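Counting in the working numbering, the first sequence runs without a single skipped number right up to 1351 at its last residue.
Just so you know, even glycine gets a beta-carbon here, dropped at the ideal spot from N, CA and C.
A short worksheet on the structure shown next.
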Amino acid sequence: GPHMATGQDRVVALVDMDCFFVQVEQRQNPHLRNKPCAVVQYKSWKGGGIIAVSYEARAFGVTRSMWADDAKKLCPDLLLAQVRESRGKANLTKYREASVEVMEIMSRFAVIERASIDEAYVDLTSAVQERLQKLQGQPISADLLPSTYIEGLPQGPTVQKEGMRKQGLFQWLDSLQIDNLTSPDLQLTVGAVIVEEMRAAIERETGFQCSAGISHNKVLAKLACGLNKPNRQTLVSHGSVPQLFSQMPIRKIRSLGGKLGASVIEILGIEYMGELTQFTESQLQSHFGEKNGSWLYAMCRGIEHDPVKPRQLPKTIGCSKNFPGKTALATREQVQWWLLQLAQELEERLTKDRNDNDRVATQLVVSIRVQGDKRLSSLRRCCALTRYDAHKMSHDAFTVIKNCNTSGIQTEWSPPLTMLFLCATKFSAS
DNA sequence: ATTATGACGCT
DNA sequence: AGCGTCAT
Ligand SMILES: Nc1nc2c(ncn2[C@H]2C[C@H](O)[C@@H](COP(=O)(O)NP(=O)(O)OP(=O)(O)O)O2)c(=O)[nH]1
Ligand SMILES: [Mn+2]
Ligand SMILES: [Mn+2]
C-alpha cells in the first residue's frame, strides 16, 4: 500500500514532428502545402520508395515502404518530392539540418534526449516545479491547453471532435487539486502547459508542426504522442493506465513489436498489455530473462525507470547503400569506387560535425551484406579512424573486408556485395 | 528490389 | 569485438 512506489516521480514528454520529411519539403515548396504529398528515395525502380506521407495522402491509403507507382494507383493526384542524390546515393543532409533547428529550440526549455532524426524526449520535472512555484496555487485555465487531449476522458454523463476534446479537458481540470504542489496529476498538467509552449515555439520559429505525449516515463509519453496525431498533444496519467492497457495489443509498446513481443503472446497465451499484471515478477523473469521480466512487470503497471539521457547529438555518423538484384557489386573496381563514394560523404559529414560540435570520431566500422544472406549485415569489422580523409578511410575499409572475396580471380568479386555501410563511432572531445 | 540510418543488448 | 534486435 503506502510503500508501493507508483512511478509518478517524473514528468516526461516525447515530441515527434508530424510527417517530418514531407513538412521540410512543403516549407521549401509552397505548392506542396495542404496536399496529398509523399517523399521518395530514387525513381527508376517502381517510381522510388516512399519514406514519408502527408496526412492528406494517408487518407487514400498511402504508406511508408510503398513504391510510388503503387501509391499513385491509390492516389492519382499524389505529389512527390525526391530526396537529394549525391555521389550516386541518397543524401539526407537537408533533413538533418532541419532536425538541428527543432532540437535547438527544444533545448531552450529543458535538456533533451535525441531519440531519432525527428523526435526527442524531455525531462520536465524541474521546469514543472518552477512553474508551480510561480503559479502560487492558481488554477490552470483550459485556455493554456488549447491542443491537449486527456486520455480516458470524457467519461460517464458531444458530436464534434473539438467538443469531445474540450469536454475531457474540462472534466480533468475540474477534478484537479491545485493546493498540492506534489500531486502527480497537477504536475503532468503543468508539464502539458510547458509542452504547449514548446510546440508553439517550434511552429513559430520553423514552420513545422509536431505532436507530443506527456506522462511519467518515456514509454508512456511515446504511446501518448501517437494517440492524437497530427498537431495535438496527449496527457496519459497514471490513473488512465489500467483502462488504456486493458485493450492495448502488446506490440504497440515500444520494443515489443518484434520477436520478444511475439513470444510474450505465444508463451503466456495473452493479447493485451494489461493481462501481464496477473503474473509474478519471477514468472516473467523465468520466461523472458531477468531484465526483460522486471521491465515487463513494472511496465504493465505503467512504471518504467529508463532516464531521459542528456544527449542532443547522434552517437554515430553513418553512410550506407544497398545494391539489390542485378546491381550487386561484382568487381574489385566497383567495390572500391562505391567505398570511395560512401567515404567522401562520410568525410564531409564528419568535418562539419567536428566544426559544429567540438569532437572527433576514433573508430570506423565497415559492414557488408553478401548475396544470398537475408541478414541485415553479413559481416562487421572495425579499424582505427585517425584522419578525416576519404581516400584513407576507403582504403582501410577495403583492407578490412578484402578477405571476404572468395573469387580466385583478382578482378572479380564473389559472391557479389548487396550492401556497403561505413559508420564513424567512439567520439572524443576535440 | 524497401532503403538509409541509428540505438542498444548479448556474449 | 562482432553479432542480433528493434525501429522506421
Ligand atoms: N531513409 C529513411 N528515412 C526514414 C525511414 N522511415 C522514416 N524515415 C524518415 C522520414 C520521416 O519523415 C522521418 C521521421 O520518422 P517518423 O516519425 O516514423 N514518421 P513521420 O514523421 O513522417 O510521420 P508521423 O507524423 O506519423 O511521425 O524519418 C526509412 O526507412 N528510411
Ligand atoms: Mn514523426
Ligand atoms: Mn519519429
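Strand pairing of residue i, partner residues [DSSP]
i	result
residue 1069	1154
residue 1346	1284
residue 1170	1193
residue 1188	Paired residues: none, contrary to the question.
residue 1134	935 and 1155
Per-residue burial, residue i [other beta carbons within 10 Å of its own, 16 or more giving buried]
i	result
residue 961	buried
residue 946	buried
residue 1187	exposed
residue 1135	buried
residue 1297	exposed
residue 1237	exposed
residue 1317	buried
residue 1199	exposed
residue 1005	exposed
residue 1231	exposed
residue 1096	exposed
residue 1027	buried
residue 1080	exposed
residue 1350	exposed
residue 1168	exposed
Unbroken alpha helix (DSSP H) run spanning residue i, endpoints
i	result
residue 1016	1014–1027
residue 1107	1105–1127
residue 1146	1139–1148
residue 1093	1082–1095
residue 992	989–995
Same chain only: Cβ atoms within 7 Å of residue i, ignoring 5 sequence neighbours per side
i	result
residue 1046	931 and 932
residue 1023	938, 1123, 1127 and 1129
residue 1352	Outside the displayed span of the chain (922 to 1351) sits residue 1352, for which this structure offers no information.
residue 1175	1140 and 1143
Nonlocal neighbours in the same chain, by C-beta distance under 8 Å from residue i, ignoring five residues either side
i	result
residue 928	1137, 1138, 1159, 1219, 1222, 1223, 1224, 1225 and 1226
Sequence-distant residues of the same chain with beta carbon closer than 6 Å to residue i, five excluded per side
i	result
residue 1242	1010 and 1341
residue 1202	1218
residue 1292	1249, 1336, 1337 and 1339
residue 1003	961
residue 976	1151
residue 1112	932, 1045, 1049 and 1135
Heavy atom of ligand 4 within 7 Å of residue i beta-carbon
i	result
residue 941	As for ligand 4, it is missing from this structure, which binds only ligand 1, ligand 2 and ligand 3.
First through last residue of the beta strand (DSSP E) which encompasses residue i
i	result
residue 1001	1000–1003
residue 1042	1040–1044
residue 960	958–962
residue 974	970–974
residue 1008	Element bounds for residue 1008: n/a, residue is neither H nor E.
4-residue-minimum alpha helix (DSSP H) runs that sit fully inside the segment 1194–1265, ordered along the chain | Segments of the alpha helix (DSSP H) lying fully in the segment 1194–1265: 1202–1209 and 1211–1220.
Which runs of the alpha helix (DSSP H) fall wholly inside the segment 1253–1330 and span at least 4 residues, in chain order?
-> The alpha helix (DSSP H) runs of length 4 or more contained entirely in the segment 1253–1330 are, from start to end of the chain, 1253–1278 and 1311–1322.
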